[PDB]
Amino acid sequence: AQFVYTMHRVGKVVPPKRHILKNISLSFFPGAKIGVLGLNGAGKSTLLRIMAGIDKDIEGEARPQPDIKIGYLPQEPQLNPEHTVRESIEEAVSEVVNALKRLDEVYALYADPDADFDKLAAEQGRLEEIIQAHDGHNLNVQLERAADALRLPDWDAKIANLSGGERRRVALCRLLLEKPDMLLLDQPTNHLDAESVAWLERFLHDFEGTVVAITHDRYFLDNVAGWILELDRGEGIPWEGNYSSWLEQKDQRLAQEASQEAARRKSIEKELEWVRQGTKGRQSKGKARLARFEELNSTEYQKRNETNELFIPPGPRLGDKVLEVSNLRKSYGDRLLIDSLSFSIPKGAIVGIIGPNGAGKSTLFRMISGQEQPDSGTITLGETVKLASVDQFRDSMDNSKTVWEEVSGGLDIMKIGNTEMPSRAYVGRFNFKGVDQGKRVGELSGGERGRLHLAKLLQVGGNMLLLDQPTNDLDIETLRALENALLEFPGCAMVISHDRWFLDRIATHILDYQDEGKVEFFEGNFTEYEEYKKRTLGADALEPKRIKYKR
Amino acid sequence: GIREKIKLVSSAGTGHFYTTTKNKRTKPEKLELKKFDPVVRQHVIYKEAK
Amino acid sequence: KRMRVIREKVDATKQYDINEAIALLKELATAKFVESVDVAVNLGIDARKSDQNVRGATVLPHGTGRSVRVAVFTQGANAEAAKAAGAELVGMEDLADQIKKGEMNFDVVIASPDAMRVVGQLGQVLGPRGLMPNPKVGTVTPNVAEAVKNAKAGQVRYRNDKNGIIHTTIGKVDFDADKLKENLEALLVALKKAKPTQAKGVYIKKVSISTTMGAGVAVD
RNA sequence: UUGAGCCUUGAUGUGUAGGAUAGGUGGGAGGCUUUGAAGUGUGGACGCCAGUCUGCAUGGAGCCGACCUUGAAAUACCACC
Ligand SMILES: Nc1ncnc2c1ncn2[C@@H]1O[C@H](COP(=O)(O)OP(=O)(O)OP(=O)(O)O)[C@@H](O)[C@H]1O
Ligand SMILES: Nc1ncnc2c1ncn2[C@@H]1O[C@H](COP(=O)(O)OP(=O)(O)OP(=O)(O)O)[C@@H](O)[C@H]1O
Ligand SMILES: [Mg+2]
Ligand code: NA
Ligand code: NA
């Protein structure tokens with residue numbers, strides 16, 4: 001069984017001397033499915049950037065087999081805002097389109113005999129060969145089939161005027177149109193809804209080539225992965241099994257490491273007590289034991305686990321009238337997202353906003369924050385309400401600035417409502433508890449980017465929160481910390497998310513989008529929402545179709 | 001000791017490099033200077049490398 | 001029926017000589033058809049690669065045994081020459097409105113290297129169909145009689161399957177062993193000429209020859 | 001008893017439009033089945049749930065192409081696939 005990829009002694013060093021990856025020796029075999037786990041900063045995206053060939057700085061040797069295609073989807077897929085849907089899409093088939101245009105230019109040869117045959121007719125064969133390498137002529141059908149299978153927006157739509165989920169779908173389609181042999185995915189379900197994620201995971205299970213996927217979720221991982229690469233601090237640990245068994249193994253590993261560190265502390269204290277005694281005569285003391293103690297005094301890497309410190313500052317006191325919408329309606333062109341929506345938000349409530357992609361979830365936040373003007377108006381907030389909004393996109397932070405400068409603005413004392421707070425203490429409240437204040441925004445990882453985003457955008461101190469997909473790149477630990485912080489909140493919050501479990505653990509009012517632009521509002525949590533649906537239900541259970549890619 | 005060692009590799013196409021240090025934490029952007037290249041005997045751009 | 005007996009009759013688990021296989025090929029006389037052939041050859045080429053895709057045309061001593069109606073989309077004073085040189089469908093480039101509508105199929109697409117202003121279907125409706133050829137293939141050139149002669153002689157074009165397989169016709173079994181050997185040798189030498197810049201393994205992974213209803217025997 | 005590989009024999013390929021599950025070029029004409037059917041009753045398997053493949057039973061000669069308004073054509077073989 002010839003492998004597909006190999007890494008031997010692969011090591012990476014980041015600023016100062018930090019071995020994110022140390023001695024990672026691995027082989028990737030045909031038909032494999034690997035899920036890469038770890039905390040927010042472990043080095044998963046680093047390892048995939050190495051596997052994509054983008055990073056060659058590493059120590060060791062990492063290489064794929066020759067003439068195998070690696071399709072790399074990062075966790076920051078960039079697209080051309082000028083481009084429309086088709087203008088961004090065809091770049092994945094640009095060879096065929098460019099060659100076809102060249103054929104159109106060449107066809108004037110047989111009209112005008114200028115440099116007739118010995119100069120370009122021979123190259124016409126090379127052009128027809130590059131068409132033949134693909135289907136080429138039946139290309140519009142390929143594009144239509146891909147768009148149908150991935151539920152892409154119509155090609156006339158622009159890219160800036162696109163929802164985050166559909167943006168990720170465009171990136172997925174442009175990646176998979178290349179038709180590679182090894183997929184590298186960096187959180188491929190970042191902004192996807194339930195149907196999109198289910199289709200993607202079925203496709204991944206069907207994929208013939210190798211798949212290496214980074215995921216902070218567990219159910220999609222149980223679906224797709226064949227084995228897990230833990231990727232702890234420094235070292236990568238393979239594992240055969242499911243997420244819960246791997247979790248058990250991980251707790252056992254961390255408990256053993258904690259016990260060994262405690263024993264090390266014990267032995268070091270004992271030997272220090274020995275070192276701090278006198279010679280007692282003209283006898284040994286001994287340099288061998290001194291050397292043993294000096295080498296025993298070493299350094300161990302503590303886990304940079306976020307855990308429960310996510311600091312949501314308390315806003316101003318909130319009256320009973322918080323938010324009210326009456327007959328809200330919004331449409332774009334001919335497709336309408338919200339139609340005759342009315343609801344009131346009692347104080348203290350967490351509102352789980354759910355629905356498919358581009359259904360209007362983010363545009364609702366735009367109206368509430370006042371950046372968009374509804375057709376049917378009647379959005380209102382109580383006079384005590386102070387709004388703090390967290391966007392679906394992090395594209396507002398200066399990647400040059402450091403963490404502390406970007407969060408705090410450079411002022412040593414930070415004002416949060418009534419109380420002045422030390423900026424360094426406030427930043428450290430968001431797990432940047434060391435010299436992590438010095439890291440650059442661009443050099444931060446995706447999960448650290450989300451944490452810094454929350455830190456910068458919760459400082460306004462509003463007692464109404466408008467969080468749009470707040471747990472995008474976060475792992476389970478930061479997710480739990482955020483859930484606890486949201487629970488210990490005096491004000492009220494509206495959270496848009498696609499994590500059903502995270503939304504269920506905190507939501508008190510469900511705002512769910514449906515077809516034909518109806519936004520059903522339900523006061524209650526997800527358990528009683530499901531119970532209400534069961535009480536007044538409809539008889540069927542089959543959502544998907546799982547269309548195809550090939551042919 | 002946080003100033004790691006870097007070499008500025010000539011863009012003239014020859015293998016020639018000046019060598020220097022750089023704070024890889026506070027200055028992640030790659031260095032770029034117009035230095036003399038004795039191989040071609042012209043001031044050209046040198047870009048940071050490993 | 002006759003399959004359920006020729007399956008027992010065949011011994012296709014070996015690799016046969018090109019002339020030790022003609023006897024087994026002629027043994028299929030118990031089958032009822034016109035018994036044309038579908039000789040197929042492999043290649044050590046990657047059809048995912050552009051530079052390994054193989055295409056062209058050949059000339060063979062005998063032909064396919066079926067007339068291929070070739071077109072000539074370069075009308076004008078050369079229209080009479082095209083019609084009288086062997087143009088089974090005389091439709092000029094400016095005369096493609098009515099003859100093109102009337103004829104919904106043909107043998108060889110037009111090839112007019114001195115005049116090829118016609119594109120066709122505006123979306124590859126003819127080029128994608130394969131019939132629409134290009135001059136580099138050997139159809140469009142300054143000569144007009146070349147296309148007519150190729151249509152009369154049944155010059156066959158090579159097409160590259162998804163796995164690099166090339167399929168071709170020789171004709172019915174009424175051709176003799178020597179004629180078959182000559183045509184297969186011509187095909188093999190043409191493939192030798194048209195081997196791409198990459199030569200991996202053997203240029204003929206496997207070669208087999210078969211009838212339209214009978215078995216397919218390797219030629220080694 | 002197994003694990004892996006290889007050769008064969010099968011089985012399998014639901015986008016939209018289309019008569020209805022259409023893998024790819026074929027390359028050609030009609031063959032298939034009557035060496036007993038286009039079916040009804042029955043049993044398993046697949047099942048993108050439409051459905052086509054299947055072991056049977058008396059009855060055993062009619063199912064598709066060809067015709068085209070679909071990007072493509074009709075398990076109507078052996079193929080190297
Ligand atoms: N040039 C640099 N200097 C210092 N630290 C850096 C540099 N580049 C990256 N880092 C740090 O390396 C760590 C690993 O980041 P990386 O993107 O590999 O993590 P990750 O686990 O894959 O992230 P995520 O899952 O959130 O996408 C982060 O803490 C990041 O701040
Ligand atoms: N200016 C605009 N013109 C036309 N269509 C627009 C415009 N702005 C947004 N849209 C479209 O309207 C819909 C509204 O989506 P929006 O960005 O409000 O979030 P959503 O789709 O509900 O959620 P998510 O961001 O989670 O995918 C999307 O389909 C989007 O592409
Ligand atoms: Mg150096
Ligand atoms: Na990452
Ligand atoms: Na949006």
# chains A, B, ... in the order shown; residues from 1 in each chain; ligands from 1
call {"tool": "interface_residues", "arguments": {"of": "chain A", "to": "chain D", "cutoff": "9 Å", "atoms": "only C-alpha atoms (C1' of nucleotides)", "output": "ChimeraX atom specification"}}
result
/A:137-141,145,148-149,544-549,551
call {"tool": "residues_near_ligand", "arguments": {"ligand": "ligand 5", "cutoff": "10 Å", "atoms": "only C-alpha atoms (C1' of nucleotides) and all ligand atoms", "output": "compact mmCIF listing (two decimals) with N, CA and C atoms, in the first residue's frame"}}
result
# COMPACT_ATOMS: atom_id res chain seq x y z
N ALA A 160 -19.80 40.20 -2.71
CA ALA A 160 -19.92 40.98 -1.48
C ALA A 160 -21.32 40.87 -0.90
N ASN A 161 -22.34 40.89 -1.76
CA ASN A 161 -23.73 40.74 -1.33
C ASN A 161 -24.10 39.27 -1.20
N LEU A 162 -23.31 38.56 -0.40
CA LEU A 162 -23.51 37.13 -0.20
C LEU A 162 -23.40 36.79 1.27
N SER A 163 -24.27 35.91 1.73
CA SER A 163 -24.23 35.45 3.11
C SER A 163 -22.99 34.59 3.35
N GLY A 164 -22.55 34.55 4.61
CA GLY A 164 -21.35 33.81 4.94
C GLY A 164 -21.43 32.34 4.57
N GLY A 165 -22.59 31.72 4.80
CA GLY A 165 -22.74 30.32 4.44
C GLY A 165 -22.65 30.09 2.95
N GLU A 166 -23.31 30.93 2.16
CA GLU A 166 -23.20 30.80 0.71
C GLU A 166 -21.80 31.14 0.23
N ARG A 167 -21.11 32.05 0.92
CA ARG A 167 -19.71 32.30 0.59
C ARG A 167 -18.87 31.05 0.78
N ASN A 357 -29.32 29.10 5.27
CA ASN A 357 -28.32 30.10 4.94
C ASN A 357 -28.92 31.24 4.13
N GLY A 358 -28.55 32.46 4.49
CA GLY A 358 -29.06 33.63 3.82
C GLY A 358 -30.55 33.84 3.97
N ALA A 359 -31.16 33.22 4.98
CA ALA A 359 -32.59 33.38 5.19
C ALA A 359 -32.94 34.76 5.71
N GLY A 360 -31.97 35.51 6.21
CA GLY A 360 -32.22 36.85 6.71
C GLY A 360 -31.76 37.03 8.14
N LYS A 361 -31.04 36.03 8.66
CA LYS A 361 -30.62 36.06 10.06
C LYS A 361 -29.73 37.26 10.34
N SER A 362 -28.74 37.50 9.48
CA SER A 362 -27.84 38.63 9.67
C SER A 362 -28.50 39.95 9.30
N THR A 363 -29.40 39.95 8.31
CA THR A 363 -30.07 41.19 7.96
C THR A 363 -31.00 41.65 9.08
N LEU A 364 -31.56 40.71 9.84
CA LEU A 364 -32.33 41.09 11.02
C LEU A 364 -31.47 41.86 12.00
N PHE A 365 -30.23 41.40 12.22
CA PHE A 365 -29.32 42.13 13.09
C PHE A 365 -28.98 43.48 12.50
N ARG A 366 -28.89 43.56 11.18
CA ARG A 366 -28.65 44.86 10.54
C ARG A 366 -29.78 45.83 10.85
N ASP A 391 -20.25 40.74 14.87
CA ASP A 391 -20.55 40.44 13.47
C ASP A 391 -20.26 38.98 13.13
N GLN A 392 -20.83 38.54 12.01
CA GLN A 392 -20.53 37.22 11.47
C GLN A 392 -19.14 37.16 10.85
N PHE A 393 -18.58 38.30 10.46
CA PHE A 393 -17.28 38.37 9.81
C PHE A 393 -16.31 39.17 10.67
N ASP A 468 -23.62 37.33 16.25
CA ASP A 468 -23.85 36.65 14.98
C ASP A 468 -22.79 35.56 14.81
call {"tool": "interface_residues", "arguments": {"of": "chain A", "to": "chain B", "cutoff": "10 Å", "atoms": "only C-alpha atoms", "output": "tab-separated table (two decimals) with C-alpha atoms, in the first residue's frame"}}
result
chain	number	residue	atom	x	y	z
A	14	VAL	CA	7.00	30.08	15.57
A	15	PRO	CA	8.23	33.46	16.95
A	16	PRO	CA	10.49	33.04	19.92
A	17	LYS	CA	11.25	29.34	20.42
A	57	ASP	CA	10.04	26.58	6.24
A	400	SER	CA	-0.87	44.69	11.87
A	401	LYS	CA	-1.71	45.71	15.43
A	402	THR	CA	-0.94	43.54	18.42
A	438	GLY	CA	2.18	40.88	22.01
A	439	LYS	CA	0.95	38.63	19.21
A	440	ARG	CA	-0.26	40.27	16.02
A	442	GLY	CA	-2.90	38.64	11.52
A	443	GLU	CA	-0.56	36.14	13.17
call {"tool": "residues_near_ligand", "arguments": {"ligand": "ligand 1", "cutoff": "6 Å", "atoms": "only C-alpha atoms (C1' of nucleotides) and all ligand atoms", "output": "PyMOL selection string"}}
result
(chain A and resi 14-15+39-46+443-447+473) or (chain B and resi 25+28)
call {"tool": "interface_residues", "arguments": {"of": "chain C", "to": "chain D", "cutoff": "6 Å", "atoms": "only C-alpha atoms (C1' of nucleotides)", "output": "PyMOL selection string"}}
result
chain C and resi 161+206+213-216
call {"tool": "residues_near_ligand", "arguments": {"ligand": "ligand 3", "cutoff": "12 Å", "atoms": "only C-alpha atoms (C1' of nucleotides) and all ligand atoms", "output": "ChimeraX atom specification"}}
result
/A:57 /B:3-9,17-22,48-50
